[PDB]
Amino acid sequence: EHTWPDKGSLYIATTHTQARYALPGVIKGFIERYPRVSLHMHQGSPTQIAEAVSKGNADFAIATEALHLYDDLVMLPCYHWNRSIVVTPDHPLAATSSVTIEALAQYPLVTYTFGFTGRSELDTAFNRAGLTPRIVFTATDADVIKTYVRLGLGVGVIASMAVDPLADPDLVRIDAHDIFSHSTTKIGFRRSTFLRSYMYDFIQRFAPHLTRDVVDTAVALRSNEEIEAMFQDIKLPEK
């Protein structure tokens, strides 16, 4: 068929959100193409993942947040993303349209946990507005979040790609584009790492703008600052 005889290994250390909503499509198309490549996927917290990759079990690091601290690995930007609001139909916010961050700060919150950017761009959203949010639930999975929202435990704040009406019919989705700054999902990998052809192909599928010539140009650069100062002129995918 349309397969490559490429023999090698690919270890990906990523988070739950990426593994659940962003990767499944890329992974299937990859394994159909590279049958002789042993694909490993491990998950996954921004601290470990940053750990597993710098030294040195995983090849690539797919996460939003804390990678750096590690200055060791090249970083490329994959997409931007922002969170939506999920509530039950009986909840006030399902009646009110276009909500502010002050109106949201009234209710018990059900969001991500500390260490994940779904929060980090959330903690400094209230800090800035001089607000203290009542967060009664923190988790890494949005399904668990969406679960406890249905119980009427509190208002849910999850990634937009984690909520779908076919999948989630009983919940009212409220876009929070303006309320929160968008988060940037990146891909991390050491410089010593020899980039195989299937690795470029994977990066391509996950981030279309990251073609082979683009990756090589960012890699050869001194630091990750020049890399991020290379993409400020281009509009990355928003999901």
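Residue indices: 1-based, along the sequence shown. Just so we're on the same page, rigid core means the largest C-alpha set that superposes within 1.5 Å between forms.
- Larger average C-alpha displacement in 5 other deposited structures of this protein, relative to the shown form after a rigid core fit, is seen for 62-70 when comparing 28-36 with 62-70.
- Between stretches 109-117 and 136-144, the one whose Cα atoms sit farther from the displayed model in 5 other deposited structures of this protein on average is 109-117 (core-aligned, root mean square).
- Comparing 6-14 with 217-225, the higher mean C-alpha B-factor in the PDB entry belongs to 217-225.
- 134-142 and 165-173 differ in mean CA B-factor, and the higher of the two is recorded for 165-173.
- Out of 82, 147, 97, 113, the entry records its largest CA B-factor for 97.
- Ranking 68, 36, 209, 190 by the C-alpha B-factor listed in the PDB entry places 68 at the top.
- When the modelled residues of the chain are ordered by their C-alpha B factor, residue 28 lands in the middle third.
- Among all modelled residues in its chain, residue 108 ranks in the lowest third by Cα B-factor.
- Sort the modelled residues of the chain by CA B factor and residue 43 lands in the middle third.
- Among the modelled residues of the chain, residue 184 sits in the lowest third by CA temperature factor in this PDB entry.
- Remark: residue 89 belongs to the highest third of its chain, ranked by C-alpha B-factor as recorded.
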